[PDB]
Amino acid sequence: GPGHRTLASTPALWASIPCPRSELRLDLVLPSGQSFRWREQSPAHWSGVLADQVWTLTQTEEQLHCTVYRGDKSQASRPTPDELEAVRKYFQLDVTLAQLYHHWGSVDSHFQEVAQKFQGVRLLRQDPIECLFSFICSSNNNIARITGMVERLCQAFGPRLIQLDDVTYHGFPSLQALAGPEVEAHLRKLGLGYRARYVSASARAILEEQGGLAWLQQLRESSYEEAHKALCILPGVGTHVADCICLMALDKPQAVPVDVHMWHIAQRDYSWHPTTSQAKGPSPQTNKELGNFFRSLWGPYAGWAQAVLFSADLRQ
């Protein structure tokens, strides 16, 4: 289909949001394992699905430039202010990252050193359903493979949106699409491994046992502790996946995911060891202590600080 746009080539189709590079680096956020659905289809231009539509995003020094492909057989035009609000909300631009970076660096000199090189790593505010099933796919897995699993899952079960060049975009599947008793076998053919059952069983649990889609809004409005505990009822969701969802979709900035990276970071970069367990290796008790350690260190937005160090550790 039509080409992926670049800002310099189609300026009439773009609009900007005030956004200095100190507040956001697309290249350090979009491919770093928060969302798995963005691709750099042209140099410095990132395309993906945002609020049921395909967008391309690119940055200049002080502005985030956006273009939207509506795909309702309407004439091409720049994004409207209402449409740009969805982009603003997705990047949570109301939160000033420079002041968080100064706070985290002031309490943690290691953070300060890493942060000098990794500016503008902020937290996306993701759709709860997309975030839930993407991080169910993420456990005991690598970001390259996760990215393919999420792509194939959307191609098979999500609505077709539009085609740009040779790339066909799909929306994220609904709960209902993932809940059928045939879905697990299909997801296994798509290479999801043992997480195929987790995806289908979790879609069924939400629909059949938790009151449907409104449950995620309930958890958004609940405390961190309540939301984190509730998510763990889902097959494939343990304390880490629940923290990922809390932090990245349920507005819990203190949630600190603890994966292989953060465990290695704690040991290597902080010389940390658990003090509430004589055995020091990863365990339910020591993983929970490590999350508390990072909250005690970094404060109420510790999960956002985690995202800076996680993004940096992917490139080392």
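Numbers for residues come from their place in the sequence shown, where the first is 1.
The PDB entry records a higher mean C-alpha B factor for 73 to 81 than for its counterpart among 73 to 81 and 189 to 197.
Averaged over Cα atoms, the B-factor as recorded in the entry is higher for 82 to 90 than for the other of 241 to 249 and 82 to 90. When the C-alpha B-factors of 232, 95, 206, 146 are read from the PDB record, the largest value belongs to 95. You'll see in the entry that, of 213, 179, 124, 227, the Cα B factor peaks at 179. Ranked by C-alpha B-factor against the other modelled residues of its chain, residue 11 falls in the middle third. Residue 22: CA B factor in the highest third of modelled residues in this chain (values from the PDB entry). Compared with the other modelled residues of the chain, the Cα B-factor recorded for residue 132 ranks in the lowest third.
In this PDB entry, residue 112 carries a Cα temperature factor that places it within the middle third of its chain's modelled residues. In the PDB entry, a CA B factor belonging to the middle third of its chain's modelled residues is recorded for residue 54.
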